[PDB]
Amino acid sequence: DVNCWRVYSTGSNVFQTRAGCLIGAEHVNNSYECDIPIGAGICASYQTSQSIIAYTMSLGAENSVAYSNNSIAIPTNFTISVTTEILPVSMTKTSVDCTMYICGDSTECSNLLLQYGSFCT
Amino acid sequence: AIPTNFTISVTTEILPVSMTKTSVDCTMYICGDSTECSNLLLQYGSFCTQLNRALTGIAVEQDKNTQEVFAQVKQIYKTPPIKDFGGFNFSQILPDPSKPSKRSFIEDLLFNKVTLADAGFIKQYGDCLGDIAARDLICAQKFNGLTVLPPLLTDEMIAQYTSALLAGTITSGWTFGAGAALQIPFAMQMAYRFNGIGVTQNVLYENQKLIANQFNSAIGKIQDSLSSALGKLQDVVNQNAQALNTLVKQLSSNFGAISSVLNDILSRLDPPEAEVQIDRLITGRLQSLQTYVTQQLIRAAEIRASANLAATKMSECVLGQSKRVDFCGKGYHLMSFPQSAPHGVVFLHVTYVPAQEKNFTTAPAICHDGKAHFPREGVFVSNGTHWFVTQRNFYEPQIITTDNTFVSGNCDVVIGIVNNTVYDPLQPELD
Amino acid sequence: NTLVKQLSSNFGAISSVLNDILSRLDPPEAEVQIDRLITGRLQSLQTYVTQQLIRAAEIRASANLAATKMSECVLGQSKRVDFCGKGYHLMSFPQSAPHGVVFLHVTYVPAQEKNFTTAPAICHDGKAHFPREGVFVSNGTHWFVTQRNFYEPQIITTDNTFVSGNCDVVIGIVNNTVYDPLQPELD
Ligand SMILES: *[C@@H]1O[C@H](CO)[C@@H](O[C@@H]2O[C@H](CO)[C@@H](O)[C@H](O)[C@H]2NC(C)=O)[C@H](O)[C@H]1NC(C)=O
Ligand SMILES: *[C@@H]1O[C@H](CO)[C@@H](O[C@@H]2O[C@H](CO)[C@@H](O)[C@H](O)[C@H]2NC(C)=O)[C@H](O)[C@H]1NC(C)=O
Ligand SMILES: *[C@@H]1O[C@H](CO)[C@@H](O[C@@H]2O[C@H](CO)[C@@H](O)[C@H](O)[C@H]2NC(C)=O)[C@H](O)[C@H]1NC(C)=O
Ligand SMILES: *[C@@H]1O[C@H](CO)[C@@H](O[C@@H]2O[C@H](CO)[C@@H](O)[C@H](O)[C@H]2NC(C)=O)[C@H](O)[C@H]1NC(C)=O
Ligand SMILES: *[C@@H]1O[C@H](CO)[C@@H](O[C@@H]2O[C@H](CO)[C@@H](O)[C@H](O)[C@H]2NC(C)=O)[C@H](O)[C@H]1NC(C)=O
Ligand SMILES: *[C@@H]1O[C@H](CO)[C@@H](O[C@@H]2O[C@H](CO)[C@@H](O)[C@H](O)[C@H]2NC(C)=O)[C@H](O)[C@H]1NC(C)=O
Ligand SMILES: *[C@@H]1O[C@H](CO)[C@@H](O[C@@H]2O[C@H](CO)[C@@H](O)[C@H](O)[C@H]2NC(C)=O)[C@H](O)[C@H]1NC(C)=O
Ligand SMILES: *[C@@H]1O[C@H](CO)[C@@H](O[C@@H]2O[C@H](CO)[C@@H](O)[C@H](O)[C@H]2NC(C)=O)[C@H](O)[C@H]1NC(C)=O
Ligand SMILES: *[C@@H]1O[C@H](CO)[C@@H](O)[C@H](O)[C@H]1NC(C)=O
Ligand SMILES: *[C@@H]1O[C@H](CO)[C@@H](O)[C@H](O)[C@H]1NC(C)=O
Ligand SMILES: *[C@@H]1O[C@H](CO)[C@@H](O)[C@H](O)[C@H]1NC(C)=O
Ligand SMILES: *[C@@H]1O[C@H](CO)[C@@H](O)[C@H](O)[C@H]1NC(C)=O
Ligand SMILES: *[C@@H]1O[C@H](CO)[C@@H](O)[C@H](O)[C@H]1NC(C)=O
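Protein chains in written order, with the authors' numbering: chain A, 614 to 617, 633 to 676, 689 to 761; chain B, 713 to 940, 944 to 1146; chain C, 960 to 1146.
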């Protein structure tokens, strides 16, 4: 919530993003894949002397299709590819002894807790 | 009953994909700027850490949802300069290269129908000092530790992703979803898709102008119905806003204490007697934060199911042609186009609808010479006096020949067989 | 482990240890402190159980998805796009993992593409010929019909196309000959 001062220290490398004022990072004109998300399209990384750099994330490579009204492209060879997919199916089963947790081995606490048995059930 | 004409229909489907990301400063909400309350609250630090862990899980999940729906392909295709698509006009859904935001006309219309609670994420301290505070609801939220975090992808990046998806589908059909995009003329792709609902290619090639005109008119109807709808996307905004404002309002509860104001208690009472009242207030305000976080978790689970559905629709309706009924609109699915909406996605489903039906008498088989003839891929019909074979979804009568049927058995077993002649188109040539 | 750590909270009592309270205080004065501790620890257990319920719902959705994948990718061949990997799905093999499953999806990927000129139909004798299940392509000088996903050129014959109408309506029709593989045999 600062437009670059309500900051702890000014230092240098003060850079303004729509996510806020960023202090302590050098801004570069490249566009890499996102390492650490900052927000509003801005990402950060630790690069090469080593320093924190802040950039605008790239979405991917740009290639234009050669479209015409009488032109087709047919594959001539194929590839057989094997890929993996991971899925969770189950989690740990747990049980709680309510009196053991709340009172330990205190008899008086158990006599007091007898008023809340419905909640443990 | 066989249809004789068709209809090309475009319908819309709206899906929520993400919700607002929020963070809480626990001490700011519970104690304000009271040092004594903070020293008392140091006994409950684990609960504030636990609440923030749950909220950060929700916040990263929102970006994962948006990535899974919109960022499937990593090639940013560009639409060709020459717009020769056989008479189909996609200008209304392709990006306008003159507006600041490179958004299509329909996306611009959609974005003006959902009103966000706050535009922008930089509200400075000097901007609301004095009167403006406690009147404006956002500043009232921010003076009590309740902040809204911005999403990772901007609107412009999502518009870029949708334009890449559109260019891929209209220049390469469905090939770009399985590997490299292979270009093909748009009418030949349309003929392929007609093959996929059981209609021969010649129907498309003969009726191409009518089909293109029907598509263009339907797109115009979509446009004219939007400039006149998005309740599923407005209620998400409303729910988040209402929850944050309810948290701000719950700060006036006593919870069984003398007052709900800490400064009033701290004057007029000494520490040993002020501690019990402060303790009541602390317990109440921790309970309020806990309730907020629980309901945020349940809502995030619902949004996550919706975003999984949106990703499945993007894969199966936009990157291919789906044969499962009613998944991609009403009618036989032809193709779909995505458009980005604030916190969501809109799908334009183009489907095929059978239009004008006529009545015919029909028969399972034909008995020619003690043989039973069955259609290869059609149905036997009669106009009253004569017998033809046609295709099920469009009426195109033809003469029954041997290159048109197949024989199996005699005529003594099939229940409703009829007597007719089969041409056999070789006898004239042999003579 | 968070449940174990939350046992050191006072919840507004003199101490978080029951034995410390029970010595130094008589039952009527120890009861109010014990009551504070009891309320706090019941709240902790309640929070744990609620978050366990929400997590179990998410795992249940994941397991339903895994069962659907097992049915449609391993016990059959799926035609829905991207459900069983990237590419045209051929088959899948399951492997068990601790608390989960791993799927090995074998798919088919088109590899090396070549450019051709194409046409919707062929005009032979005032008739329009369309491919039965292929596409018409040209290497530049000659015209063949092939299949869409693999390049295997063939001569256009009548047992290979089908006729519909004349040549006056189709937008991009071209002129070529259709073999008709019966005339040589009749002669
Ligand atoms: C930070 O403040 C600067 C200075 O006021 C803002 O820059 C202005 O933004 C408005 C918004 O459209 C423009 O009309 C002005 O021309 C800009 N002026 C200058 C000198 O740049 C800026 O918008 C603020 N930062 C953020 C992220 O909102
Ligand atoms: C089709 O692709 C395969 C590989 O995917 C080609 O086989 C390779 O051919 C090169 C030389 O041509 C060899 O050095 C490799 O060892 C071969 N690989 C394998 C796995 O055998 C094949 O030649 C291609 N066919 C055509 C017609 O292009
Ligand atoms: C099939 O349906 C289309 C409309 O869905 C018909 O085209 C219309 O024909 C009427 C007169 O016959 C014209 O007034 C309309 O302007 C036409 N609409 C369009 C979009 O061109 C077509 O005639 C029908 N064909 C048959 C054989 O019934
Ligand atoms: C495709 O559709 C667009 C929009 O429907 C057409 O552009 C309009 O054309 C009319 C004239 O018929 C003009 O009065 C409008 O102002 C145009 N609108 C825009 C936004 O340009 C366009 O002519 C259609 N055909 C082609 C080939 O683009
Ligand atoms: C059913 O279809 C038959 C075959 O097309 C129709 O007979 C044709 O009628 C037209 C119009 O009189 C003639 O020009 C053709 O020569 C006829 N063909 C034959 C083979 O006779 C017949 O009219 C139709 N019957 C009904 C009741 O509509
Ligand atoms: C279809 O044709 C067959 C024979 O071509 C007919 O079967 C004969 O019908 C006559 C008179 O109905 C009987 O006397 C014969 O005994 C039948 N069986 C033979 C000749 O094997 C059959 O009835 C015809 N179906 C009709 C007219 O609906
Ligand atoms: C297109 O294909 C035709 C038909 O295969 C090619 O013509 C053949 O060329 C080979 C090599 O010279 C000859 O052995 C055949 O006898 C030719 N067949 C005919 C029917 O002429 C032609 O070379 C190809 N054109 C291009 C530009 O690649
Ligand atoms: C395909 O063949 C048809 C006839 O076989 C051509 O149509 C004739 O073309 C000539 C010269 O272009 C005209 O003078 C005739 O009037 C056309 N119509 C007839 C004879 O009915 C057609 O042009 C050919 N297509 C080509 C060469 O691309
Ligand atoms: C980045 O680009 C801007 C404008 O294009 C330029 O003024 C600036 O110097 C560039 N920075 C670097 C490090 O090249
Ligand atoms: C088909 O015949 C039935 C029988 O009366 C009639 O009710 C129906 O309207 C007919 N359908 C058409 C399209 O003529
Ligand atoms: C249809 O019903 C009629 C009686 O209404 C009967 O004579 C005829 O055999 C039936 N046809 C079939 C195929 O069952
Ligand atoms: C097909 O032709 C276009 C037109 O220039 C070209 O850019 C593209 O590389 C060609 N594809 C192949 C596989 O040669
Ligand atoms: C393809 O475009 C050319 C002009 O570039 C045009 O002459 C030709 O008729 C078009 N073909 C079809 C099938 O529309």
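Virtual Cβ for every residue (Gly too), placed ideally from N, Cα, C.
Measuring alpha carbon to alpha carbon, tell me which of B:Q1054, B:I896, B:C1082, B:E1072 ends up nearest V781 of chain B. Counting from one through the second sequence, the residue named residue 781 of chain B turns up at place 69. Of the listed residues, the one whose Cα sits closest to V781 of chain B is B:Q1054.
Starting from the N-terminal side, write out each stretch of the alpha helix (DSSP H) that is 4 residues or longer and does not extend beyond the segment 833-907 of chain B. 849-854, 867-884, 898-907
Residue closest to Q957 of chain B, alpha-carbon to alpha-carbon, out of B:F833, B:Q853, B:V785, B:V729: Against the second sequence, residue 957 of chain B aligns to sequence position 242. For the residues B:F833, B:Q853, B:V785, B:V729, the minimum Cα distance to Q957 of chain B belongs to B:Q853.
Cβ closer than 8 angstroms: which chain A residues qualify as neighbours of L977 of chain C? Here the question's residue 977 of chain C lines up with position 18 in the third sequence. At a beta-carbon threshold of 8 angstroms, the residues of chain A lying near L977 of chain C are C743, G744, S746, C749, ordered along the chain.
Quick check for students: name the residue ranges of the beta strand (DSSP E) that lie wholly in the segment 1032-1095 of chain B, counting only runs of 3 or more. 1047-1056, 1059-1069, 1076-1078, 1087-1090
Answer yes if the segment 988-1003 of chain B comes into contact with the segment 874-888 of chain B, meaning at least three C-beta pairs across the two stretches below 8 angstroms, and no otherwise. no
Within 10 angstroms of the Cβ of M740 of chain A, are there 16 or more other Cβ atoms? Answer buried if so, exposed if not. Residue 740 of chain A sits at position 100 when you count from the first residue of the first sequence. By the neighbour-count rule (16 or more Cβ atoms within 10 Å), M740 of chain A is not buried but exposed.
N1074 of chain C beta carbon near ligand 12 (any heavy atom closer than 6 angstroms): Stepping through the third sequence from its first residue, residue 1074 of chain C is reached at position 115. Yes.
Verify the contact flag: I1081 of chain B, CB atom, against every heavy atom of ligand 11, threshold strictly below 6 angstroms. Along the second sequence, one-based indexing puts residue 1081 of chain B at 366. The closest heavy atom of ligand 11 lies 6 angstroms or more from the beta carbon of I1081 of chain B.
Does the pairing of the segment 1011-1020 of chain B with the segment 740-760 of chain B give three or more beta-carbon distances under 8 angstroms? Cβ pair count under 8 angstroms is below three, so no.
For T761 of chain B, list the residues DSSP reports as bridge partners. For the purposes of this step, residue 761 of chain B is taken as the residue at position 49 of the second sequence. In DSSP, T761 of chain B forms no bridge with anything.
For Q1106 of chain B, which option in B:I770, B:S875, B:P1090, B:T1066 has the closest C-alpha, if you only look at C-alpha atoms? Counted from its first residue, the second sequence places residue 1106 of chain B at position 391. For the residues B:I770, B:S875, B:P1090, B:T1066, the minimum Cα distance to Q1106 of chain B belongs to B:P1090.
Around the Cβ of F1121 of chain B, are there at least 16 other Cβ atoms within 10 angstroms (buried) or fewer (exposed)? Taking the first residue of the second sequence as 1, we reach residue 1121 of chain B at position 406. The residue is exposed, with fewer than 16 neighbouring Cβ atoms inside 10 Å.
7 angstroms Cβ cutoff, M731 of chain A in contact with chain C: Here the question's residue 731 of chain A lines up with position 91 in the first sequence. With 7 angstroms as the cut-off, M731 of chain A counts as an interface residue toward chain C.
Alpha-carbon spacing of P1112 of chain C relative to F888 of chain B, whole angstroms: Looking up residue 1112 of chain C in the third sequence gives position 153. Looking up residue 888 of chain B in the second sequence gives position 176. Taking the straight line from one Cα to the other gives about 23 angstroms.
For the alpha helix (DSSP H) holding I934 of chain B, just list the boundary residues, first then last. Counting from one through the second sequence, the residue named residue 934 of chain B turns up at place 222. 920-938 is the span of the alpha helix (DSSP H), which, as asked, contains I934 of chain B.
Grab me the residues of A944 of chain B's own chain with a C-beta within less than 7 angstroms of its C-beta, minus the 5 sequence neighbours each way, in chain order. Stepping through the second sequence from its first residue, residue 944 of chain B is reached at position 229. Here the set comprises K825.
Partners in chain B for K1073 of chain C, counting only beta-carbon separations shorter than 7 angstroms: If you number the third sequence from 1, residue 1073 of chain C lands on position 114. Here the premise fails: no neighbours, minimum Cβ distance about 10 angstroms.
Which residues in chain A have a C-beta closer than 8 angstroms to the C-beta of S884 of chain B? List them in chain order. For this step, residue 884 of chain B is matched to residue 172 along the second sequence. Going along chain A in sequence order, the residues near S884 of chain B (Cβ under 8 angstroms) are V705.
Listed by chain order, chain A residues near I896 of chain B by CB distance under 7 angstroms: Here the question's residue 896 of chain B lines up with position 184 in the second sequence. Near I896 of chain B (Cβ distances below 7 angstroms), the residues of chain A are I712.
Leaving aside the five residues before and after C1032 of chain B along the sequence, list all residues of the same chain whose C-beta is less than 6 angstroms from its C-beta, in chain order. Looking up residue 1032 of chain B in the second sequence gives position 317. Cβ within range, chain order: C1043, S1051.
Would you mind stating whether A1078 of chain B and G1124 of chain B have Cβ atoms separated by less than 7 angstroms? Numbered from 1 along the second sequence, position 363 holds the residue referred to as residue 1078 of chain B. Numbered from 1 along the second sequence, position 409 holds the residue referred to as residue 1124 of chain B. For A1078 of chain B and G1124 of chain B, no; Cβs fall outside 7 angstroms.
Below-7 angstroms beta-carbon distance, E725 of chain A vs any chain B residue: Taking the first residue of the first sequence as 1, we reach residue 725 of chain A at position 85. Chain B, which has no Cβ nearer than 7 angstroms to the Cβ of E725 of chain A, makes this no.
Just to confirm my understanding: we take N1135 of chain C, look at its own chain, exclude 5 residues before and 5 after, and list those with CB closer than 6 angstroms. What are they? Against the third sequence, residue 1135 of chain C aligns to sequence position 176. Same-chain partners within the cutoff: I1081, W1102.
Give me whichever residues DSSP pairs with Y674 of chain A in a beta bridge. Taking the first residue of the first sequence as position 1, residue 674 of chain A is located at position 46. The partner list for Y674 of chain A (beta bridge, DSSP) reads A:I692.
Give me the Cα-Cα distance between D737 of chain A and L1049 of chain C, rounded to the nearest whole angstrom. Along the first sequence, read from residue 1 onward, the residue named residue 737 of chain A stands at position 97. Along the third sequence, read from residue 1 onward, the residue named residue 1049 of chain C stands at position 90. Their backbone Cα atoms lie some 51 angstroms apart in a straight line.
DSSP has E725 of chain A in a bridge; who is on the other side? As a first step, residue 725 of chain A must be located in the first sequence, where it is residue number 85. Beta-bridge pairing links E725 of chain A to C:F1062.
Which same chain residues end up closer than 8 angstroms to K814 of chain B when comparing Cβ atoms and leaving out the 5 residues on each side of it in sequence? In the second sequence, residue 814 of chain B corresponds to position 102, counting from 1. Excluding residues within five positions, the ones whose Cβ falls inside 8 angstroms are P807, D808, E868, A871, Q872, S875.
When the Cα of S704 of chain A is compared with those of B:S1030, B:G908, B:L878, which residue comes out closest? Taking the first sequence and counting its residues from 1, the one referred to as residue 704 of chain A is at position 64. The shortest C-alpha separation from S704 of chain A is found at B:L878.
So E988 of chain C is in the alpha helix (DSSP H); what residue range does that whole segment cover? Working through the third sequence from its first residue, we reach residue 988 of chain C at position 29. First-last of the alpha helix (DSSP H) with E988 of chain C: 986-1028.
Assuming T716 of chain A is part of the beta strand (DSSP E), what are its boundary residues? Counted from its first residue, the first sequence places residue 716 of chain A at position 76. Neither: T716 of chain A is in no beta strand (DSSP E) and is coded neither H nor E.
Taking a cut-off of 5 angstroms, which residues have a beta-carbon closer than that to any heavy atom of ligand 3, in chain order? Those satisfying the condition are, in chain order, B:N717, B:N925.
From B:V1094, B:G798, B:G946, residue whose alpha carbon lies closest to that of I1114 of chain B: Looking up residue 1114 of chain B in the second sequence gives position 399. That would be B:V1094, whose Cα lies nearest to the Cα of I1114 of chain B.
Closer than 6 angstroms to a non-hydrogen atom of ligand 11 - does that hold for the CB of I1130 of chain B? Taking the second sequence and counting its residues from 1, the one referred to as residue 1130 of chain B is at position 415. Proximity of the beta carbon of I1130 of chain B to ligand 11 is indicated: a heavy atom of the ligand is located closer than 6 angstroms.
Report back the beta-carbon spacing between residue 1147 of chain B and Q913 of chain B to the nearest angstrom; my notes put them in contact at under 8 angstroms. Because chain B spans 713 through 1146 in this model, residue 1147 of chain B falls outside it and cannot be assessed.
Among all residues, which have a Cβ less than 6 angstroms from at least one non-hydrogen atom of ligand 5, and in what chain order do they fall? B:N1098, B:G1099, B:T1100, B:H1101
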